[PDB]
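Each residue of the sequence shown is one higher than the last, beginning at 7 in our numbering.
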Amino acid sequence: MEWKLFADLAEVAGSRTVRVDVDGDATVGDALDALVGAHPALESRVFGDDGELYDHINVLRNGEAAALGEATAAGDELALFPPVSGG
Numbered sequence: 007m008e009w010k011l012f013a014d015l016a017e018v019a020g021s022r023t024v025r026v027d028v029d030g031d032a033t034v035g036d037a038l039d040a041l042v043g044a045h046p047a048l049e050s051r052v053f054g055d056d057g058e059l060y061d062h063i064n065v066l067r068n069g070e071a072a073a074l075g076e077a078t079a080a081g082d083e084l085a086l087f088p089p090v091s092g093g
């Protein structure tokens, strides 16, 4: 029932790692896709553009089913960070 994020998306939102405690309209996947790299997490304005064809994103899950339309799920993941080597 928690997640983590890199500056890739936290650059605009300001929040990378979050935890699930309260229940509301926000679904489990609704925030997952956003936090993963939907757009609102880092604004729609790409500014310069990086590319559109393929993207890699590593995530850490406890081993549960990735739920989306079930905010009242029994957990989501542990952390989420995109690949990066070299600097």
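Cβ atoms here follow ideal geometry from the backbone N, Cα and C, with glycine treated the same way.
Can you find at least 3 beta carbon pairs, one from the stretch 71-81 and one from the stretch 22-42, that sit closer than 8 Å?
-> Under the three-pair Cβ rule at 8 Å, the stretch 71-81 counts as touching the stretch 22-42.
Considering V42, what are the terminal residues of the alpha helix (DSSP H) in which it resides?
-> For the purposes of this step, residue 42 is identified with residue 36 of the sequence shown, where counting begins at 1. In the DSSP assignment, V42 falls within the alpha helix (DSSP H) that extends over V34 to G43.
Does the beta-carbon of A47 have 16 or more other beta-carbons within 10 angstroms, so that it is buried, or is it exposed?
-> Walking along the sequence shown from the start, residue 47 turns up at place 41. Buried.
Outcome for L86 when other beta-carbon atoms lying within 10 angstroms are tallied against a minimum of 16 | The count along the sequence shown starts at 1 and reaches residue 86 at position 80. That one is buried.
At a cut-off of 7 Å, is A16 close to the ligand PLP when judged by its beta-carbon and the heavy atoms of the ligand?
-> For the ligand PLP, the structure offers nothing, since it holds no ligand at all.
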